[PDB]
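One chain comes next, on its own, written out as structure tokens in the form deposited in one PDB entry.
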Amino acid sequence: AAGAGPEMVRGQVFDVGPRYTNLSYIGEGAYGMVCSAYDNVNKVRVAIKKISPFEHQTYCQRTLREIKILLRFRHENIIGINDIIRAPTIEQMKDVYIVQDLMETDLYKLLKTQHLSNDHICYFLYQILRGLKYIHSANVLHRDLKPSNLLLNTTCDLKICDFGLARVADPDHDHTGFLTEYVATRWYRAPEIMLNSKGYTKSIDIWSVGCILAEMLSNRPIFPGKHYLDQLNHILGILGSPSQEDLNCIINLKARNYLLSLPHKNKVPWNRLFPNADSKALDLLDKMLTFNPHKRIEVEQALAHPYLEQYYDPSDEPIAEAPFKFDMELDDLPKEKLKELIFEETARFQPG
């Protein structure tokens, strides 16, 4: 019965039961509108995503993936699911509403108009890596880290969101051919994605965090490629031509020979790109934005880097109780089974 800001974009009815009232529109998610609401039980305002995914297989897969992961994760720097609202039967289930802590902004919105102090950059980076340590400890890859997926509240607490493209790490099966299509956001893709990688190793996430650090330093994306291959040219325009050793790491001939066909490009020094940056921040940046993914710094090493010395505390940087081993591919399931799994995964929040 309750309604919010009609128009289009799948967001006429916003029916979150009696518990959640005084709806205020926030914006458009991917599968419906997002609103803040007053939680009449906890007596605080929360965020609620309306999800109407049952039309398309892809929407379903990403929705199930996120729900399974977020329900199993519990960490200060990862958004949780507080509640899920849906019909009591599969027959009647047409939408799903996901209730989460209210986070007033995200890093994308912040960077549009706000300069970050070095102390803010340091703190944000620490929180990103702290959350990522937990994710990776569960053998999970986020695979779409970017500023819009980093939520922030009014006290600068940071929570990672959107596990719709996540996968279980599988380095033994990471190899693929040259120019293999990829789904995750272009500007934050590691170079190897375009060369020989399916993005099934943890190093894929570290690259993205490096891009996020660079973006925090200057309020501009570091590698804003306009299309698939342009992205690699942006990366090489700054890192310079890869070394013989790094090139020899790429066994696939089409990828190798593409790189060999390019004119020699020298490295652009970080301190020229970011003249106001802390030198320790640039040392860490360099280690995150390493061309060779085998040489790229790992999350725990990054946390231990001198730039983050004010925050580093391994005992207060928790890991997951056990790795995830459930299917995150979800590609050989008919629409009927996907809907059923979403129904089952969301059952715990029902009065029953």
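Rigid core (definition): largest C-alpha set, two forms, superposition within 1.5 Å. One-based numbering along the sequence shown.
- Task: Using only the Cα atoms and their B-factors as the entry lists them, report which of 4-12 and 341-349 averages higher.
- Result: Comparing 4-12 with 341-349, the higher average CA B-factor belongs to 4-12.
- Task: Select between 272-280 and 205-213 the stretch whose C-alpha atoms have the higher average B-factor in the entry.
- Result: Higher mean C-alpha B-factor in the PDB entry: 272-280.
- From the list 26, 288, 308, 67, select the residue with the highest C-alpha B factor recorded in the entry. 26 has the highest C-alpha B-factor of those listed.
- Item | Member of 92, 231, 243, 219 with the greatest C-alpha B factor (per the PDB record) | Top of the list by C-alpha B-factor: 92.
- Item | Where the record places residue 248 (Cα B-factor, split into thirds across the chain) | Highest third.
- Item | CA B-factor placement of residue 318, once the chain's modelled residues are sorted into thirds | Ranked within chain, residue 318 CA B lands in the middle tercile.
- Message: Based on the deposited C-alpha B factors for this chain, I'd like to know if residue 194 is in the lowest, middle or highest third.
- Response: For residue 194, whose C-alpha B-factor we compare with every modelled residue in the chain, the answer is the middle third.
- Within this chain's modelled residues, let me know which third the CA B factor of residue 144 belongs to: lowest, middle or highest. Lowest third of the chain for residue 144's C-alpha B-factor.
- Third of the chain's Cα B-factor distribution that residue 111 belongs to, per the entry: Its C-alpha B-factor, which the entry lists for residue 111, ranks in the middle third among residues of this chain.
Heads up, the form solved in complex with a partner chain isn't pictured, but that's what we're talking about next.
- Query: Which one of 73, 126, 270, 97 is close to the partner chain in the deposited bound form, taking close to mean a heavy atom within 4.5 Å?
  - Reply: It is 126 that has a heavy atom within 4.5 Å of the partner.
- Sort through 247, 168, 87, 116 and report the residue having a heavy atom within 4.5 Å of the partner chain in the deposited bound form. Filtering the options by heavy-atom distance leaves 116.
- Proximity to the partner chain in the deposited bound form (heavy atom, within 4.5 Å), stretch among 78-86, 276-284, 108-116, 201-209: Stretch with heavy atoms near the partner: 108-116.
- Task: Considering only heavy atoms, tell me if residue 104 and the partner chain come within 4.5 Å of each other in the deposited bound form.
- Result: Output for residue 104 is yes: heavy atoms within 4.5 Å of the partner chain.
- Within a 4.5 Å heavy atom cut-off, is residue 153 in contact with the partner chain in the deposited bound form? Close contact exists here: in the deposited bound form, residue 153 approaches the partner chain to within 4.5 Å, heavy atoms only.
- Message: Taking any heavy atom pair closer than or equal to 4.5 Å as contact, tell me whether residue 311 reaches the partner chain in the deposited bound form.
- Response: It does: once the partner chain is placed as it appears in the deposited bound form, residue 311 has a heavy atom within 4.5 Å of it.
- Just to confirm, residue 130 within 4.5 Å of the partner chain in the deposited bound form by heavy atoms? Residue 130 belongs to the contact set for the partner chain.
- Which residue, 127, 100, 203, 197, is displaced 2 Å or more at the Cα between this form and the one not shown after superposing the core? Single residue meeting the criterion: 197.
- Task: Verify the C-alpha shift of residue 253 between this form and the one not shown: is it 2 Å or more after superposing the core?
- Result: Yes, its C-alpha moves 2 Å or more.
- Message: Taking 2 Å as the cut-off, check whether the CA of residue 157 shifts that much or more between this form and the one not shown after a rigid core fit.
- Response: Comparing the forms between this form and the one not shown, which are aligned on their rigid core, residue 157 does not shift its C-alpha by 2 Å or more.
- Task: Inspect the rigid-core superposition and answer whether the C-alpha of residue 183 shifts by 2 angstroms or more between this form and the one not shown.
- Result: Yes, its C-alpha moves 2 Å or more.
- Message: At a change of 3 Å or more, would you call the C-alpha separation of residue 182 and residue 207 in the deposited bound form closer or farther than in the form supplied?
- Response: It is farther: in the deposited bound form, the C-alpha atoms of residue 182 and residue 207 lie at least 3 Å more apart than they do here.
- Query: Considering a change of 3 Å or more, are the Cα atoms of residue 182 and residue 286 closer or farther in the deposited bound form than here?
  - Reply: Relative to this form, farther apart in the deposited bound form.
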